[PDB]
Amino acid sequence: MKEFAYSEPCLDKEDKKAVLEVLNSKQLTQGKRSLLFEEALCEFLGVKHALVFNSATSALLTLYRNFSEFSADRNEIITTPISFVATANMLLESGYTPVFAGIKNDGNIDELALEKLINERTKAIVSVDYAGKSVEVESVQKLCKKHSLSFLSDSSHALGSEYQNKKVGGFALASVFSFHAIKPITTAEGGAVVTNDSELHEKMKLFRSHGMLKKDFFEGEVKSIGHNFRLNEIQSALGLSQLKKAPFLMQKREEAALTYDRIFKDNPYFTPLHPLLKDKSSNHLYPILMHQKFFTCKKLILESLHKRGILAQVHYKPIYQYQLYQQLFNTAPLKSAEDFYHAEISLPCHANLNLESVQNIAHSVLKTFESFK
């Protein structure tokens, strides 16, 4: 039986050639390819600076630790409960208490529900471009300016996404991208922080690699801590090769999304989010939102989809529901987050899905919902 993962990496012979070139060289890390990849990200995104890391989680920690010195008096960061747990775990590791905001129908943080959460301890707002869809950037920027907060963007899903016809990446103090295996482009594992703030770039650069600044070949200085979150040359070769075809890969996903939209239009069972886009999206996910009448049988629906070879997944359990977060914060549930979680299903959406497969999957999803009643 043909099984469709919700996302998968999409490598070609050119990617493989790029990796082989590195294997033939004596420079497997700390080399020219990572630099080339960073420079290409700057040009693609129209930003001043980029740094690549072993994962977006390492990138998040690096950004959270470096965007400001920590103060115990300014320890709260407003963020969304509908993200992967990393967005919040790295807040905890950086000394910050996450303050969870309501979300909208489209999974994104509700820009109209943020101001009420701001108090004297608030340091920043961390938004997530859910499924690739840009948040309401102008609203968030203005609120952050008004209240002297930093705007940080977890854009892990959103490489190539746009807001008002400009690339996501340059709108916040800094933005994070992920190159995990199933992301818009991949380095197997990887991430990036991009920014227009040179001092922040320089701080993060040192934090990524031991805090070491070399005086000459033989001696360095370490003024502040750092780790080893570097991206090696093999992965950087892969990343650059993938980035060079990022618009192509994104459009393959857009083509799939448009086909789902056509077959799904006005169906009574669930609502796709993709038709509601106002700007280009990376289309990392293709979310559908089930009618509330299906909430209690969701496990049976997911199991039925999997039995048909449609390996759908849910993004995401509200972060505050996890035991760690309940233990530390005893957070009251947010209706918007709970309803979204109950409704959401992510369907197969990646650059290697042909339209015949998408058509078959789409009709099979409809038949699945019809079979329940």
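Numbering starts at 1 and follows the sequence shown.
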query	finding
Per the entry, higher mean C-alpha B factor between 343 to 351 and 327 to 335	327 to 335
Mean C-alpha temperature factor, higher of 199 to 207 and 116 to 124	116 to 124
Residue with maximal Cα B-factor (values as given in the PDB entry) among 84, 217, 179, 130	217
Largest Cα B-factor, entry values, listed residues 145, 157, 227, 252	145
Ranked C-alpha temperature factor of residue 34 among modelled chain residues, by third	middle
Modelled-residue ranking by C-alpha temperature factor, third containing residue 322	middle
Chain third (lowest, middle, highest) by recorded CA B-factor, residue given as residue 70	highest
Chain thirds of CA B-factor: placement of residue 240	lowest
Third of the chain's Cα B-factor distribution that residue 305 belongs to, per the entry	highest
